[PDB]
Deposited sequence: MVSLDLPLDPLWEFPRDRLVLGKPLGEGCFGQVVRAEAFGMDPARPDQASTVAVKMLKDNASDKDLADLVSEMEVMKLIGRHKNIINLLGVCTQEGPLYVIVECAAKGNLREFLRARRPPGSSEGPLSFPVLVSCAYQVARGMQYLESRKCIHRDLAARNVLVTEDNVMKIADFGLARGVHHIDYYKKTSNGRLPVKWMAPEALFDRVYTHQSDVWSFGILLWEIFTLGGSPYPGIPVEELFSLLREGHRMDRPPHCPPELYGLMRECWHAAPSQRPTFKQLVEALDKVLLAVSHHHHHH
């Protein structure tokens, strides 16, 4: 069926499938020789594959995600393609495996009891936001609109590096969506900037649920009449200011990812 790409093909005999991560399905694996320098050395990776019940369209979608990830290329702050198995057996798409799970769960697990101080300092929270902005800036430079940026879709490595997940998926989390996406089904880089603002609020609530209480029904009317989430407790005004800029009704009045990187850089340099 599928052509052999010599830049990406990985020997499936050097890939040891382990415990499922989610169910098409994603399984944890040991890969031998992901570093050509030390070809004996093992590394933990994630493998995406189809289930037997999968249609021709399911396969086309996984081929599309593989091909878009090859073209976008690699960055520190995205979940990178590592290799593929396309020959004499099922399609495997091999990617980086982030040890510490998604950013939502990482933050929620590090909530202190009541009003005590948590292990997560202001500079570490701002660093999380900065790394996600750097990842989105890169994806934007590779003509990639995410469409579903949220803390659940950012993963965390052993060394607390943020990696944007699921940026290559083939075409409802309404609480993350820009009004033009809600009402007009239009997704742009500036729609992603709105979602980044919601993610910033998730970071400074240590994984809070957005618009808490307000049912999806009343959200659309709230946004139309100029209302937005309130400054979360202990969130400095500079960072609430950035959230509110991301939530301007006019896409052109929202900051660019370049301006978000620069703004978050300025906060980190000031500490």
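The deposited chain is incompletely modelled, with C-alpha atoms absent over 1 to 4, 28 to 30, 179 to 193, 294 to 300.
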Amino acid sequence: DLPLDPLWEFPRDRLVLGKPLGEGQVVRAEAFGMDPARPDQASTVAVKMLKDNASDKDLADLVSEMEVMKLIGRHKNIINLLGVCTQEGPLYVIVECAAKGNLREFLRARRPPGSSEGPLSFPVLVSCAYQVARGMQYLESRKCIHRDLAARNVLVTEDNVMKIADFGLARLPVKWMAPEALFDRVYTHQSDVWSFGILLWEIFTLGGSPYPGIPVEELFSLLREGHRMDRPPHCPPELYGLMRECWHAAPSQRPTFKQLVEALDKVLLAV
From here on, numbers count along this sequence of modelled residues.
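By rigid core we mean the largest C-alpha set that fits within 1.5 Å across both forms.
Comparing the two stretches 198 to 206 and 212 to 220 by root mean square C-alpha distance in 6 other deposited structures of this protein, with all structures fitted on the core, the more displaced one is 212 to 220. Of the two segments 160 to 168 and 120 to 128, the one whose CA positions lie farther from the displayed form in 6 other deposited structures of this protein, once all are superposed on the rigid core, is 160 to 168. In at least a third of the other compared PDB entries of this protein that cover both flanking sides, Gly114 is left without coordinates. Higher average CA B factor: 108 to 116, of the stretches 108 to 116 and 138 to 146. Higher mean CA temperature factor, per the PDB entry, when comparing 215 to 223 with 41 to 49: 215 to 223.
Per the deposited record, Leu169 carries the highest C-alpha B-factor of all listed residues (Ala98, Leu125, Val193, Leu169). Of the candidates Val63, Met69, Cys246, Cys235, it is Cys235 whose Cα B-factor is highest according to the PDB record.
In this PDB entry, the Cα temperature factor of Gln25 sits in the top third of its chain's modelled residues, the highest group. The PDB entry assigns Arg185 a C-alpha temperature factor belonging to the highest third of its chain's modelled residues. Ranked against the other modelled residues of its chain, the C-alpha B-factor of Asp265 as given in the entry falls in the lowest third. The deposited CA B-factor of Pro255 belongs to the lowest third of values across its chain. Sorting the modelled residues of the chain by their CA temperature factor places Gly89 in the highest third.
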